[PDB]
Amino acid sequence: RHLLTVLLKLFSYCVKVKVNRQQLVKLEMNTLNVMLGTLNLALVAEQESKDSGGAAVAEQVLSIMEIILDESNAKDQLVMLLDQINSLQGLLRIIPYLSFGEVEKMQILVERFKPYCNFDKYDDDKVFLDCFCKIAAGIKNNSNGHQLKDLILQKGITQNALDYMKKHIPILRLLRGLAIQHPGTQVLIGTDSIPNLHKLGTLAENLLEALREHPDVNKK
């Protein structure tokens with residue numbers, strides 16, 4: 001415990017150097033993998049033993065991993081990952097990184113979230129839905145990211161929310177989250193929701209603006 005805390009403090013001090021950030025970002029370091037393994041060990045320690053100090057270590061690991069991911073911006077274990085996730089948002093961001101593997105695990109999480117998609121039931125399930133919206137916001141613009149976006153479109157929960165809103169014309173969170181790098185979703189939104197979206201409501205305006213990145217959508 002003490003050695004781990006000291007090493008964490010040292011790495012925390014070290015990360016504050018952009019040169020150190022670049023040096024660590026070197027793939028030869030494979031730092032992100034080591035960090036993920038350490039985070040998994042810390043998660044095991046915290047879940048098996050709450051108040052064992054693993055929480056602070058996990059927070060430090062999350063901050064460091066976030067810094068490393070920002071610097072980079074310049075799936076079997078994902079089972080246990082989502083399991084721990086059941087018990088902050090940096091974990092949601094990390095989930096896509098581990099999701100750059102077997103799309104079977106991607107569909108596993110897609111289904112795990114699809115359970116909380118009972119719209120009339122929602123209006124734990126709310127917590128899962130909010131987490132799903134946050135992860136949708138966290139959808140990365142990658143090849144596997146776009147593949148998973150197309151897969152989630154095939155999941156049709158988007159169409160489910162579309163039907164729910166259409167019946168409920170007087171929610172947009174995951175819509176705006178998926179509104180990035182999903183031209184098919186842009187077309188689906190602009191097909192008929194353009195009138196109702198225009199009729200509105202701040203979140204609706206924000207989602208409409210996000211979809212307006214699509215040019216034909218902005219035309220409407």
# chains A, B, ... in the order shown; residues from 1 in each chain; ligands from 1
>>> residues_around(residues="residue 218 of chain A", least_positions_apart="5", cutoff="12 Å", atoms="only C-alpha atoms", output="PyMOL selection string")
chain A and resi 186-187+189-190+194+197-198+207-213
>>> closest_atom_pairs(of="segment 176-203 of chain A", to="segment 127-134 of chain A", cutoff="12 Å", atoms="only C-alpha atoms", output="CSV")
residue,atom,partner,partner_atom,distance
A:176,CA,A:133,CA,8.9
A:177,CA,A:133,CA,6.6
A:178,CA,A:133,CA,8.8
A:179,CA,A:133,CA,11.6
>>> closest_residue(among="A:43, A:88, A:200, A:157", to="residue 169 of chain A", atoms="only C-alpha atoms")
A:200
>>> select_by_dssp(residues="segment 9-171 of chain A", states="helix (DSSP H, G or I)", output="JSON, numbers by chain")
{"A": [9, 10, 11, 12, 13, 14, 15, 18, 19, 20, 21, 22, 23, 24, 25, 27, 28, 29, 31, 32, 33, 34, 35, 36, 37, 38, 39, 40, 41, 42, 43, 44, 45, 46, 47, 48, 54, 55, 56, 57, 58, 59, 60, 61, 62, 63, 64, 65, 66, 67, 68, 69, 70, 71, 72, 78, 79, 80, 81, 82, 83, 84, 85, 89, 90, 91, 92, 93, 94, 95, 96, 97, 98, 103, 104, 105, 106, 107, 108, 109, 110, 111, 112, 113, 114, 115, 116, 117, 119, 120, 121, 122, 125, 126, 127, 128, 129, 130, 131, 132, 133, 134, 135, 136, 137, 143, 144, 145, 146, 147, 148, 149, 150, 151, 152, 153, 154, 155, 157, 158, 159, 160, 161, 162, 163, 164, 165, 166, 167]}
